[PDB]
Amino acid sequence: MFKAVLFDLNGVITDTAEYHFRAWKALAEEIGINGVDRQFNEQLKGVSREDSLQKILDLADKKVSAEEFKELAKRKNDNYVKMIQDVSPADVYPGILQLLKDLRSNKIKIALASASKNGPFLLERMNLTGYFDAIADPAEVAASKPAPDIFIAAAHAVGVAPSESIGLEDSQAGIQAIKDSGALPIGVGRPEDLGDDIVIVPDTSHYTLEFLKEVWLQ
């Protein structure tokens, strides 16, 4: 049976993918780039802060100075950090708290495989930190999503092979990262966005321990 579950945070544990989208869209429009809509944002989910900005600049073939690049990423993060101050345990997505409880009861390791440097703060806001056996530090990996490194690091941090792990993701980049780590992906969202070749559930209430074991077995 699987021995760890490797969690993405934004769009899996809580609805903060929505806030990343709103903040990036606001930033893009400030610099005169209007193409950051929900469809384009599927290319931004899972991607690091700097890679997100670069993808936005690329969309418009725009070049900025190194100084302006750093300022823009900082501006977006400062705004996003303000947006999330009132996140609370009430914001935890359906099913997720009970999943964490059930995993712990069954001695299955729990690791965070998030790209977000705001991850630890968000787990604290939601009173979830105590459920996690490890948080992979995204500043320490040599390569970010869709590279598998963050999922490999998360598995290794809890003493489990990726091949004995399930990864939970809402993003195209993250699904690819899980695939290339050796872990089994289960996505949450639309197959139109995430593909028809892995198990995809429509909402996080489907993430029960009962449902994960069967995927591993099949």
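The numbering used is simple: start at 1 and walk along the sequence shown.
- Taking the PDB entry as given, 60-68 carries the higher mean Cα B factor of the two stretches 60-68 and 41-49.
- The deposited model assigns a higher average Cα B-factor to 144-152 than to the other stretch when 82-90 and 144-152 are compared.
- Residue-level inspection of the entry shows that, of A17, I13, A23, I198, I198 has the top Cα B-factor.
- Per the PDB record, residue ranking by Cα B-factor puts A136 in the highest third of the chain.
- The entry lists a Cα temperature factor for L168 that places it in the lowest third of the chain's modelled residues.
- Sorting the modelled residues of the chain by their CA temperature factor places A4 in the middle third.
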